[PDB]
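Have a look at the structure below, then the notes.
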Amino acid sequence: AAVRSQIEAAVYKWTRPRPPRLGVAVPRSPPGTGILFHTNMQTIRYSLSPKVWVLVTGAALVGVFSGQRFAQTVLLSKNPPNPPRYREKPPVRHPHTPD
Amino acid sequence: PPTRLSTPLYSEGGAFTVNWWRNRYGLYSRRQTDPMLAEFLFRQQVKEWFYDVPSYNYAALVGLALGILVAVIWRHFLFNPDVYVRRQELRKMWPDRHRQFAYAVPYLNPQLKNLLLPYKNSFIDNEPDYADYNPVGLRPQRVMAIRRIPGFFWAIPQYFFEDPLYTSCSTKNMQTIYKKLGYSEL
Amino acid sequence: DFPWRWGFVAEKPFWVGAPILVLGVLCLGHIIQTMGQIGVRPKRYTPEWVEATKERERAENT
Amino acid sequence: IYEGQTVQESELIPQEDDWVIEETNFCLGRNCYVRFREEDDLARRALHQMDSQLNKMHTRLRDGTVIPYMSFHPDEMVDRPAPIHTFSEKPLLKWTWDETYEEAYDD
Amino acid sequence: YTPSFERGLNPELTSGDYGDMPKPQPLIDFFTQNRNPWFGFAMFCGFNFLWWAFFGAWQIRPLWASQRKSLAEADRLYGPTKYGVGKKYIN
Amino acid sequence: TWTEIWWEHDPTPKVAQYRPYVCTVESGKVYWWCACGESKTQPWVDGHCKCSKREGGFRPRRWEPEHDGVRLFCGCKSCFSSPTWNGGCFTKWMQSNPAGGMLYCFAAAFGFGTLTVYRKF
Amino acid sequence: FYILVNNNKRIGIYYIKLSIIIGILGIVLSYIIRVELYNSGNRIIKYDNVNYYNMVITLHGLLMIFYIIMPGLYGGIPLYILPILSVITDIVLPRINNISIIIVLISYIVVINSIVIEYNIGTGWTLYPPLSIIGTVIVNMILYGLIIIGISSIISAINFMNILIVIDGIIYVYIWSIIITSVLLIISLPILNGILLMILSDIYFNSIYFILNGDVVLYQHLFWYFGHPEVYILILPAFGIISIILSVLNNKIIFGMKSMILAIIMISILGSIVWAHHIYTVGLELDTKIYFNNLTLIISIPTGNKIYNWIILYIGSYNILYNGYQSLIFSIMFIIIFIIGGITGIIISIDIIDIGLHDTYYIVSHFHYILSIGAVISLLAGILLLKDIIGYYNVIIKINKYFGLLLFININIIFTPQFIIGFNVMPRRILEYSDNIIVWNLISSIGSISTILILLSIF
Amino acid sequence: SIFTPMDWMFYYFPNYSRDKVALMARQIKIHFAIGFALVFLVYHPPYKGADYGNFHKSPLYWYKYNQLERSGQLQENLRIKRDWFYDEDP
Amino acid sequence: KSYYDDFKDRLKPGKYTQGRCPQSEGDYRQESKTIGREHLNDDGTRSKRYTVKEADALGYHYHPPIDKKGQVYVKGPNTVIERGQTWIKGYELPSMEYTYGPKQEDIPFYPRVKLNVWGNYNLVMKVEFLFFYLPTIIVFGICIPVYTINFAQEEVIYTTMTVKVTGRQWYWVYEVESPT
Ligand code: HEA
Ligand code: HEA
Ligand SMILES: CCCCCCCC/C=C/CCCCCCCC(=O)OC[C@H](COP(=O)(O)OCCN)OC(=O)CCCCCCC/C=C/CCCCCCCC
Ligand SMILES: [O-][O-]
Ligand SMILES: [Cu+2]
Ligand SMILES: [K+]
Ligand SMILES: [Zn+2]
Ligand SMILES: [Zn+2]
């Protein structure tokens with residue numbers, strides 16, 4: 001539990017997002033400007049920060065392929081060698097051959 | 001893209017330029033009734049269609065498709081032994097059409113056919129070389145490729161030397177097995 | 001503003017009605033298509049014909 | 001690509017410290033099938049339909065200007081249902097440019 | 001069905017007086033839709049179709065039992081030889 | 001993260017719970033949802049939180065069900081489909097505890113990988 | 001008046017009304033086909049009346065293509081909104097617009113009358129010779145209907161092209177969709193007329209084009225030189241509708257408008273040069289096959305760009321807006337369904353795959369997913385969007401989640417199994433089949449009866 | 001420009017892109033010539049491309065070949081696993 | 001609350017199927033005799049005489065609307081002079097309760113919001129490039145396989161036997177070389 005909190009606090013500190021490098025030409029907000037809008041505005045989707053998104057998405061990818069390996073090695077089985085192919089007698093006549 | 005009509009638009013010389021396009025854009029237009037309005041509408045169209053980055057992708061696709069199309073048409077007329085535009089050979093019975101028979105073998109062996117036929121082993125598991133040998137000589141003898149076709153062929157190993165069963169599935173081993181039984185010649 | 005049939009259907013939760021309706025429509029379709037073949041017994045589906053086909057498959061290695 | 005109108009920081013500076021974003025409802029109201037009176041005849045039911053047009057509605061802002069019902073295409077600008085003759089006065093598509101001429105001004 | 005009052009992760013935020021407003025409930029209620037019998041029938045209905053969609057109805061099996069025993073005997077006695085697990089399948 | 005790093009002029013809620021609230025709702029009745037996370041009658045406005053007092057840009061969120069039933073409601077106060085829940089509560093939790101988020105995502109992906117591989121193989 | 005009216009909006013209503021009427025006959029024929037195919041044996045058609053089945057499949061195809069979907073998506077919605085989108089008072093050619101709808105009705109009456117009076121035989125909707133030219137008079141009557149229909153199509157195309165001369169606003173994507181379909185008609189129809197005249201010459205004028213020393217494969221070239229442009233003349237108006245619905249309902253400006261427009265132009269040019277993918281199994285030259293296969297796969301590029309531009313239109317739209325409206329659901333369903341149909345089209349485009357899948361029910365399911373599902377739903381979605389403007393009532397469709405769900409589920413029950421039997425394999429244009437294909441055929445038949453029942457609930 | 005984002009062409013080559021109409025024409029012409037050349041220089045050339053003794057063997061081919069050669073896998077892979085049809089019944 | 005109860009009074013249930021009495025009880029097909037209603041039937045629908053038999057577009061009841069001075073009646077605006085300025089008061093449509101019925105109260109709030117636009121030009125351009133060229137790559141990935149398989153079907157093989165197959169209505173004829 002001590003190690004759990006340690007790694008949890010280590011990940012958290014590293015992932016805290018930095019301000020975005022805006023790829024758009026917007027003004028600077030006037031200084032001292034607080035909340036102007038309200039919560040009835042059309043909801044804006046809550047998006048993970050890039051670092052966090054990579055971490056969880058990477059955990060998902062590592063998870064699905066490790067799950068694929070677990071199924072392949074434990075749940076599934078390999079083909080045993082094919083049965084020996086011995087000479088066998090074919091039927092004497094085709095069932096539809098006129099007599 | 002300038003926003004003021006006072007600032008001129010640069011044009012190259014030639015048959016497809018900004019000046020060439022201006023001369024012809026308003027030929028059938030009822031809306032370009034004076035210089036100011038005509039220029040405004042002209043720049044509006046140029047801004048919308050020629051300063052649109054994704055539009056250039058379609059220009060590439062039309063050129064590529066049309067180039068292939070023109071060439072395949074031309075190739076049939078110029079080289080296909082079965083397409084006749086001249087009449088000398090069509091005024092003779094089939095056994096006498098020597099000039100047209102000259103197109104036959106060269107047309108039967110295009111470069112890409114020789115280059116890509118060896119890669120049939122990426123589509124056939126058993127005896128991919130079943131049709132390689134031919135004693136007549138109209139076409140070259142075929143040798144199976146050493147690598148899988150690049151792209152979506154992940155189901156087969158990248159190189160056939162990596163595959164364990166490749167050699168045992170060849171038409172040569174299959175011929176050995178069946179010839180040992182007296183079953184067939186091939 | 002709607003007739004009885006729609007007032008009845010539209011009153012229920014969609015995921016209560018929808019699943020039942022899907023099965024019902026499918027069942028009715030099968031019932032309709034079975035009415036014209038009640039008692040029809042083709043000879044090729046009898047056990048004797050079923051065995052004979054197995055014999056043909058064995059001979060032909062189908 | 002279009003990314004909205006450009007804003008200069010000077011235009012974002014309030015004239016009072018209590019200014020917030022105006023909370024005006026842009027939901028026009030509660031509607032349903034247009035309900036005609038039985039007493040009304042064909043002519044008077046036509047008047048009723050003409051008075052229930054959503055595209056004739058607007059929202060008035062705090063300064064008295066109104067933001068109208070707007071649409072990307074002119075299909076939503078005719079009366080619903082569409083009358084026999086719709087655009088008697090040619091709809092005007094307003095283009096903007098920076099050109100000007102002296103005759104329009106006076107000193 | 002007189003559902004229970006689930007306080008949640010932060011019980012202090014559910015400690016007020018709800019009055020007429022509904023109180024939070026356990027998640028089993030959401031899956032059962034408050035143990036509505038018609039939703040249970042609808043749930044059973046959803047499984048029934050999906051089983052038909054992927055594997056077939058499997059409701060015809062009791063009726064097909066005798067005719068699946070005749071098909072199995074024919075395949076074994078007269079059909080082409082099956083090897084290993086292949087003998088499990090009859091067509 | 002729109003309120004956290006991109007835009008500083010929208011009200012920012014407090015997370016009441018990183019799990020949805022399950023409630024029975026009735027058609028024809030209007031419900032008011034807390035958008036600040038400080039109400040003591042979650043998921044509803046209690047008359048004493050920011051939303052009720054119209055303070056700091058917080059207002060109650062009107063909601064009305066089409067049919068009767070049990071519906072999930074947002075506890076994180078940031079779900080895209082708020083007041084209803086769509087999974088944003090888990091997403092917002094991962095932002096706040098990225099190490100935990102990875103554990104759950106790995107476990108979910110592990111199960112999905114095993115089942116899909118076991119059936120297809 | 002009723003028949004004399006020249007109002008472009010009234011004529012648009014007439015086109016939709018007539019498409020539904022003629023559509024009833026189309027659906028009935030489809031029910032006959034699926035009923036027959038429920039098991040092996042004869043079910044509703046006698047073995048001595050097998051010629052009727054051949055006629056049923058022939059008329060089904062012809063009516064649904066030329067008398068239902070084309071009059072509905074290229075005549076109905078276009079004649080009602082195009083002059084409004086163009087901010088013009090009315091259509092450029094009023095009198096021509098009137099005669100076009102009358103022509104369609106008259107050609108329909110000729111076709112159905114030929115069912116009643118002539119001997120019932122069939123040769124497919126593709127009227128391949130020599131079979132088409134050794135038939136009875138019903139084939140002659142069908143030819144007259146097609147030629148008459150061709151007149152209406154071309155004059156309507158001329159009508160839409162004239163909008164460029166009068167348009168007072170901006171050419172929206174939808175307007176571009178109709179204009180390009182009109183161009184495709186002006187260039188493809190004259191070739192069709194010529195080959196149809198040659199079919200008539202062999203039927204009625206003792207011509208010998210389709211007898212030995214005359215190449216029957218010639219017909220297939222000229223027919224399909226119109227055939228494939230036809231499938232895009234039927235889909236492009238649907239694409240135009242989808243663009244309007246997604247932008248309007250999501251309150252989002254079309255993204256990549258110029259790429260949408262240039263994608264439509266590209267599809268048309270390419271669609272005019274790929275026809276021989278319908279003739280892969282005849283025995284064409286290797287280089288021809290490779291050309292056509294290559295160019296056929298290229299059409300996916302412009303078609304793919306449009307699909308992804310639609311997706312981003314729906315992405316990001318406000319959650320508060322109710323998304324259960326039937327028009328929105330149908331528009332979204334079109335993207336999901338069209339991708340299935342197109343991908344299977346790319347599969348059949350590979351000629352070697354096509355050898356196995358030509359003249360099999362895989363081809364059926366392919367073009368049904370695009371037309372019977374995609375095009376129908378697009379026309380429904382477009383009419384639904386214009387319900388207030390058109391003003392029709394007495395139906396429960398606008399908000400009906402049951403109808404959409406039941407339709408989607410059951411339509412897939414019909415045609416998804418037809419992909420399976422394509423590798424079984426069950427040929428097309430047949431009524432009897434081996435007993436080991438009953439399961440899938442039965443499932444699809446159960447789907448057909450169910451879909452019909454759902455059509456009654458709208459009233 | 002082939003497989004080129006034209007936004008990049010506009011930025012890095014401003015003078016070459018000044019006339020956007022002419023730029024569009026070159027785009028069409030360049031890709032037209034590419035398609036034409038492929039048919040008559042890659043497909044058409046007769047009696048060419050049949051040198052199967054010159055199959056290109058890339059650096060990756062040799063890396064994987066030598067690895068298997070070093071071990072016995074290459075010999076084992078090439079060995080014929082079965083050259084008889086019937087097993088012997090005891 | 002139930003909004004239907006607010007305007008229940010206006011909706012009086014009907015008596016006749018399709019809202020008309022049998023023609024015998026009242027002849028709705030005839031033109032109304034009421035003054036000023038000569039263009040309407042008794043039930044209020046337009047009479048066939050007005051619309052078909054004597055339609056003005058066909059030259060019946062010729063009455064040019066425009067007067068000598070090229071003018072037609074036009075209704076003026078509601079003008080209100082005030083504060084040394086002439087104002088026009090616009091016509092506001094009646095309450096939606098009057099036209100639709102529901103009482104206009106407890107309306108859900110939908111705030112003003114400018115159009116939802118995609119930003120970051122550079123990012124958008126790259127996506128559009130991918131929207132076009134990812135399919136192009138896939139097509140190119142199929143091209144080489146397509147050529148190879150086509151070449152394979154059309155391969156000159158050393159065939160040693162010929163079977164001729166003719167298709168007739170409705171049977172298949174087969175011609176095969178007979179052993180010598
Ligand atoms: C409107 C109807 C319509 C539409 C749009 C199409 C579209 C296409 N069709 Fe068509 N087709 C028909 C109607 C239609 N078809 C009909 C009715 C027949 C049979 C006529 C008869 O024989 O009697 C037929 C027959 C038919 C055949 C004949 C098969 C045979 O005879 O055995 C072929 C094969 O080439 C074909 C191919 C295609 C292709 C390659 C497309 C393309 O347009 C598909 C393009 C779409 C996509 C590819 C999906 C969307 C794009 C993406 C998702 C991008 C990513 C995808 C890739 C990179 C591949 N069609
Ligand atoms: C767009 C044209 C169209 C449409 C809608 C349909 C719809 C359907 N078709 Fe289609 N069909 C064809 C065109 C169409 N078909 C063609 C061209 C052929 C090949 C002909 C040939 O082989 O020669 C064919 C072949 C064909 C066969 C092959 C028979 C054979 O040759 O062996 C079968 C049965 O399996 C079938 C079944 C169906 C079914 C069950 C429906 C539908 O009933 C499915 C259910 C959907 C609905 C019932 C809704 C339809 C509603 C409308 C069309 C009206 C829309 C009007 C407005 C919206 C105003 N069709
Ligand atoms: C105006 C002054 C008077 C002019 C009088 C001209 C009279 C004759 C005109 C005849 C028609 C025009 C073509 C003339 C061709 C003359 C040379 C000639 O005989 O060419 C023969 C040659 C093949 O002859 P054979 O040996 O029989 O076949 C061998 C196996 N294939 O045929 C040709 O080259 C002519 C036919 C094709 C003409 C067009 C060129 C081919 C490509 C067409 C591409 C079409 C797509 C679009 C192209 C757009 C522009 C790039
Ligand atoms: O036809 O595609
Ligand atoms: Cu085609
Ligand atoms: K049958
Ligand atoms: Zn609150
Ligand atoms: Zn939440």
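Identifiers in the structure tokens: chain A, B, ... in order shown; residue index from 1 per chain; ligand index from 1 in order shown.
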
Show me, as a PyMOL selection string, the residues that have an atom within 12 Å of residue 3 (chain C) when counting only C-alpha atoms, minus same-chain residues fewer than 3 positions from it.
(chain C and resi 6-10) or (chain G and resi 394-396+457-459)

Can you spit out the residues from that selection as a short mmCIF file (atom, residue, chain, number, x, y, z; two decimals), in the first residue's frame, using N, CA, C and O atoms?
```cif
data_model
loop_
_atom_site.label_atom_id
_atom_site.label_comp_id
_atom_site.auth_asym_id
_atom_site.auth_seq_id
_atom_site.Cartn_x
_atom_site.Cartn_y
_atom_site.Cartn_z
N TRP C 6 -51.15 3.59 -30.93
CA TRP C 6 -49.91 4.30 -30.68
C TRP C 6 -49.82 4.80 -29.25
O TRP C 6 -48.74 4.78 -28.64
N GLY C 7 -50.93 5.27 -28.69
CA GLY C 7 -50.92 5.68 -27.29
C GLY C 7 -50.50 4.55 -26.37
O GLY C 7 -49.76 4.76 -25.41
N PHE C 8 -50.97 3.34 -26.66
CA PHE C 8 -50.58 2.17 -25.87
C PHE C 8 -49.10 1.88 -26.03
O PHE C 8 -48.39 1.69 -25.03
N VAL C 9 -48.61 1.83 -27.26
CA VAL C 9 -47.21 1.46 -27.50
C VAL C 9 -46.28 2.54 -26.98
O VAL C 9 -45.28 2.26 -26.31
N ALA C 10 -46.58 3.80 -27.29
CA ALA C 10 -45.69 4.89 -26.92
C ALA C 10 -45.67 5.17 -25.43
O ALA C 10 -44.81 5.92 -24.97
N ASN G 394 -51.04 12.60 -41.14
CA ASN G 394 -51.76 11.33 -41.05
C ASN G 394 -50.81 10.13 -41.06
O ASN G 394 -51.19 9.03 -41.46
N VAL G 395 -49.57 10.33 -40.62
CA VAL G 395 -48.61 9.24 -40.46
C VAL G 395 -47.88 9.44 -39.14
O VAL G 395 -47.73 10.57 -38.66
N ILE G 396 -47.41 8.33 -38.57
CA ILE G 396 -46.61 8.39 -37.35
C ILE G 396 -45.20 7.94 -37.71
O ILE G 396 -44.86 6.76 -37.57
N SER G 457 -47.48 -0.13 -39.88
CA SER G 457 -47.57 0.57 -38.61
C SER G 457 -47.44 2.08 -38.75
O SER G 457 -47.80 2.81 -37.82
N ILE G 458 -46.93 2.57 -39.88
CA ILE G 458 -46.72 4.00 -40.03
C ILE G 458 -48.05 4.74 -40.08
O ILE G 458 -48.18 5.85 -39.54
N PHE G 459 -49.05 4.15 -40.71
CA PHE G 459 -50.35 4.78 -40.85
C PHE G 459 -51.04 4.90 -39.49
O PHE G 459 -51.38 6.00 -39.06
#
```

What lies within 12 Å of residue 27 (chain H) using only C-alpha atoms, ignoring chain neighbours under 6 positions off, as a count of residues only?
23

Set the cut-off to 6 Å, count only C-alpha atoms and all ligand atoms, and list whatever residues fall near ligand 2 as a ChimeraX atom specification.
/G:16,19-20,23,27,30,33-34,57-58,61,64-65,69,72,124-125,371-372,376,379-380,411,428-430,448,451-452

Could you save the residues just selected, with N, CA and C atoms, as an mmCIF file, in the first residue's frame?
```cif
data_model
loop_
_atom_site.group_PDB
_atom_site.id
_atom_site.type_symbol
_atom_site.label_atom_id
_atom_site.label_comp_id
_atom_site.auth_asym_id
_atom_site.auth_seq_id
_atom_site.Cartn_x
_atom_site.Cartn_y
_atom_site.Cartn_z
ATOM 1 N N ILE G 16 -43.175 11.932 -55.756
ATOM 2 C CA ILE G 16 -43.145 11.105 -54.555
ATOM 3 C C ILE G 16 -44.391 10.233 -54.472
ATOM 4 N N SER G 19 -44.122 7.400 -56.922
ATOM 5 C CA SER G 19 -43.093 6.444 -56.529
ATOM 6 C C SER G 19 -43.616 5.481 -55.472
ATOM 7 N N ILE G 20 -44.420 5.984 -54.535
ATOM 8 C CA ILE G 20 -45.014 5.124 -53.519
ATOM 9 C C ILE G 20 -46.014 4.162 -54.151
ATOM 10 N N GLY G 23 -44.265 1.818 -56.125
ATOM 11 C CA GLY G 23 -43.500 1.069 -55.145
ATOM 12 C C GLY G 23 -44.268 -0.082 -54.536
ATOM 13 N N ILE G 27 -42.751 -3.762 -54.192
ATOM 14 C CA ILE G 27 -42.619 -4.533 -52.959
ATOM 15 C C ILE G 27 -43.372 -5.854 -53.067
ATOM 16 N N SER G 30 -41.318 -8.293 -54.751
ATOM 17 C CA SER G 30 -40.264 -8.748 -53.854
ATOM 18 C C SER G 30 -40.786 -9.796 -52.881
ATOM 19 N N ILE G 33 -41.019 -13.124 -54.655
ATOM 20 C CA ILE G 33 -39.707 -13.749 -54.790
ATOM 21 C C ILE G 33 -39.310 -14.430 -53.486
ATOM 22 N N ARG G 34 -39.382 -13.697 -52.374
ATOM 23 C CA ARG G 34 -38.919 -14.247 -51.103
ATOM 24 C C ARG G 34 -39.807 -15.389 -50.629
ATOM 25 N N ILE G 57 -38.865 -11.192 -61.371
ATOM 26 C CA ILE G 57 -37.565 -10.627 -61.028
ATOM 27 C C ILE G 57 -37.194 -9.519 -62.006
ATOM 28 N N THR G 58 -37.546 -9.687 -63.280
ATOM 29 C CA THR G 58 -37.252 -8.667 -64.281
ATOM 30 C C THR G 58 -37.992 -7.370 -63.980
ATOM 31 N N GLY G 61 -36.803 -5.518 -60.693
ATOM 32 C CA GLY G 61 -35.613 -4.710 -60.903
ATOM 33 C C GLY G 61 -35.889 -3.443 -61.690
ATOM 34 N N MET G 64 -38.225 -0.848 -59.674
ATOM 35 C CA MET G 64 -37.599 -0.230 -58.514
ATOM 36 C C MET G 64 -36.514 0.754 -58.927
ATOM 37 N N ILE G 65 -35.811 0.473 -60.021
ATOM 38 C CA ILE G 65 -34.707 1.323 -60.450
ATOM 39 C C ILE G 65 -35.220 2.552 -61.190
ATOM 40 N N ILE G 69 -37.105 4.514 -57.379
ATOM 41 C CA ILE G 69 -36.013 5.222 -56.713
ATOM 42 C C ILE G 69 -35.549 6.407 -57.550
ATOM 43 N N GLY G 72 -38.027 9.156 -57.415
ATOM 44 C CA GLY G 72 -38.163 9.660 -56.065
ATOM 45 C C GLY G 72 -37.010 10.530 -55.611
ATOM 46 N N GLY G 124 -34.403 -10.846 -67.270
ATOM 47 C CA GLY G 124 -33.640 -9.981 -66.396
ATOM 48 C C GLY G 124 -33.865 -8.513 -66.712
ATOM 49 N N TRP G 125 -33.530 -7.662 -65.741
ATOM 50 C CA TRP G 125 -33.624 -6.228 -65.976
ATOM 51 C C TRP G 125 -32.495 -5.721 -66.857
ATOM 52 N N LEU G 371 -29.035 0.249 -52.269
ATOM 53 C CA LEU G 371 -30.273 0.786 -52.827
ATOM 54 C C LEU G 371 -31.482 0.489 -51.943
ATOM 55 N N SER G 372 -31.767 -0.794 -51.716
ATOM 56 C CA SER G 372 -32.968 -1.169 -50.976
ATOM 57 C C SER G 372 -32.931 -0.662 -49.543
ATOM 58 N N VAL G 376 -33.324 4.008 -50.184
ATOM 59 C CA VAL G 376 -34.670 4.138 -49.635
ATOM 60 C C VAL G 376 -34.644 4.998 -48.379
ATOM 61 N N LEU G 379 -34.082 8.677 -49.137
ATOM 62 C CA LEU G 379 -35.295 9.328 -49.616
ATOM 63 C C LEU G 379 -36.273 9.567 -48.473
ATOM 64 N N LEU G 380 -36.449 8.570 -47.606
ATOM 65 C CA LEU G 380 -37.290 8.744 -46.428
ATOM 66 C C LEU G 380 -36.767 9.864 -45.544
ATOM 67 N N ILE G 411 -34.373 -5.564 -42.207
ATOM 68 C CA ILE G 411 -33.753 -5.421 -43.522
ATOM 69 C C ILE G 411 -32.418 -6.155 -43.555
ATOM 70 N N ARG G 428 -27.987 -16.404 -58.821
ATOM 71 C CA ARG G 428 -29.084 -15.450 -58.893
ATOM 72 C C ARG G 428 -30.118 -15.897 -59.926
ATOM 73 N N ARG G 429 -31.237 -15.175 -59.955
ATOM 74 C CA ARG G 429 -32.247 -15.326 -61.004
ATOM 75 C C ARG G 429 -32.722 -16.775 -61.127
ATOM 76 N N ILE G 430 -32.746 -17.494 -60.005
ATOM 77 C CA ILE G 430 -33.255 -18.857 -59.938
ATOM 78 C C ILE G 430 -34.339 -18.909 -58.867
ATOM 79 N N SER G 448 -38.295 -10.812 -44.868
ATOM 80 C CA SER G 448 -39.082 -10.055 -45.837
ATOM 81 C C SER G 448 -40.516 -9.864 -45.360
ATOM 82 N N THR G 451 -40.573 -7.188 -42.599
ATOM 83 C CA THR G 451 -40.425 -5.801 -43.029
ATOM 84 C C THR G 451 -41.739 -5.248 -43.565
ATOM 85 N N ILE G 452 -42.477 -6.063 -44.319
ATOM 86 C CA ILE G 452 -43.753 -5.626 -44.877
ATOM 87 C C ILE G 452 -44.725 -5.262 -43.763
#
```

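Within chain D, the backbone-based DSSP assignment of strand (DSSP E) covers residues 58, 59, 60, 66, 67 and 68 of chain D.
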
Grab me every residue within 6 Å of ligand 1, counting only C-alpha atoms and all ligand atoms, and send it over as a ChimeraX atom specification.
/G:231-232,234-235,277-278,296-297,300-301,303-304,339,342-343,345-346,348-349,354,357-359,363,367,370-371 /I:135,138-139

With only C-alpha atoms as the counted atoms, please give the residues lying no more than 12 Å from residue 46 (chain F), apart from itself and same-chain residues fewer than 2 positions off, as a VMD selection string.
(chain E and resid 13 to 21) or (chain F and resid 31 to 44 48 to 53 60)

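Closest approach to chain E from the set F:27, F:91, F:81, F:17 is made by F:17, with distances taken over only C-alpha atoms.
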
Go through chain G and flag each residue having an atom no more than 8 Å from ligand 5; for those, report the closest pair of atoms plus their distance in Å to one decimal, using only C-alpha atoms and all ligand atoms, ordered by chain and rising number, as CSV.
```
residue,atom,partner,partner_atom_place_in_ligand_line,distance
G:224,CA,ligand 5,1 (Cu),7.2
G:227,CA,ligand 5,1 (Cu),6.6
G:228,CA,ligand 5,1 (Cu),4.0
G:229,CA,ligand 5,1 (Cu),7.5
G:231,CA,ligand 5,1 (Cu),7.0
G:271,CA,ligand 5,1 (Cu),7.9
G:274,CA,ligand 5,1 (Cu),7.0
G:275,CA,ligand 5,1 (Cu),5.4
G:276,CA,ligand 5,1 (Cu),7.4
G:277,CA,ligand 5,1 (Cu),6.1
G:278,CA,ligand 5,1 (Cu),5.8
```

Preceding selection exported with C-alpha atoms as a tab-separated table (two decimals), in the first residue's frame:
```
chain	number	residue	atom	x	y	z
G	224	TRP	CA	-23.26	-1.16	-68.96
G	227	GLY	CA	-25.63	0.75	-66.43
G	228	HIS	CA	-22.98	1.78	-64.00
G	229	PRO	CA	-23.44	5.53	-64.49
G	231	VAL	CA	-26.12	3.37	-60.18
G	271	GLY	CA	-18.12	6.12	-62.85
G	274	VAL	CA	-15.43	1.60	-65.13
G	275	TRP	CA	-18.47	-0.12	-66.65
G	276	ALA	CA	-16.76	-3.36	-67.66
G	277	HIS	CA	-16.47	-4.61	-64.08
G	278	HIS	CA	-19.91	-6.03	-64.93
```

At a cut-off of 6 Å, can you tabulate as CSV every residue of chain I near chain D together with its closest atom pair and the distance in Å to one decimal, using only C-alpha atoms and ordering rows by chain then number?
```
residue,atom,partner,partner_atom,distance
I:99,CA,D:52,CA,6.0
I:100,CA,D:34,CA,4.9
I:109,CA,D:25,CA,5.3
I:110,CA,D:26,CA,5.3
I:111,CA,D:26,CA,5.6
I:117,CA,D:3,CA,5.9
I:119,CA,D:3,CA,5.8
```

Helix (DSSP H, G or I) per DSSP on the backbone: members of region 21-71 of chain H, as a PyMOL selection string:
chain H and resi 21-43+52-54+59-70

Residue nearest ligand 4 among G:381, G:337, G:265, G:273 (counting only C-alpha atoms and all ligand atoms)
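Checking each of G:381, G:337, G:265, G:273 against ligand 4, counting only C-alpha atoms and all ligand atoms, the winner is G:273.
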
H:86, H:32, H:12, H:43: which is nearest chain I, counting only C-alpha atoms?
H:43

Selection near region 100-104 of chain F, 12 Å with only C-alpha atoms, sequence-local residues under 3 positions removed, as a PyMOL selection string
(chain A and resi 4-5+7-12+48+51-63) or (chain F and resi 89-97+107-111)

Please provide the set of residues having any atom within 12 Å of residue 86 (chain E), restricted to only C-alpha atoms, with same-chain residues fewer than 6 positions apart removed, written as a list in words.
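The residues that qualify are residues 82 and 83 of chain A; 75, 76 and 80 of chain E.
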
File dump, residues just selected, N, CA and C atoms, as a short mmCIF file (atom, residue, chain, number, x, y, z; two decimals), in the first residue's frame:
```
data_model
loop_
_atom_site.label_atom_id
_atom_site.label_comp_id
_atom_site.auth_asym_id
_atom_site.auth_seq_id
_atom_site.Cartn_x
_atom_site.Cartn_y
_atom_site.Cartn_z
N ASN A 82 -1.67 -35.09 -37.22
CA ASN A 82 -2.79 -35.69 -37.92
C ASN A 82 -2.73 -37.21 -37.79
N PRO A 83 -3.88 -37.88 -37.75
CA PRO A 83 -3.86 -39.33 -37.64
C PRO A 83 -3.12 -39.94 -38.83
N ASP E 75 -24.80 -40.81 -40.51
CA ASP E 75 -23.45 -40.31 -40.75
C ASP E 75 -22.40 -41.30 -40.27
N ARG E 76 -22.64 -41.93 -39.12
CA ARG E 76 -21.69 -42.88 -38.58
C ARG E 76 -21.64 -44.16 -39.41
N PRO E 80 -18.91 -40.58 -44.85
CA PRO E 80 -17.44 -40.64 -44.91
C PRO E 80 -16.84 -40.64 -43.51
#
```
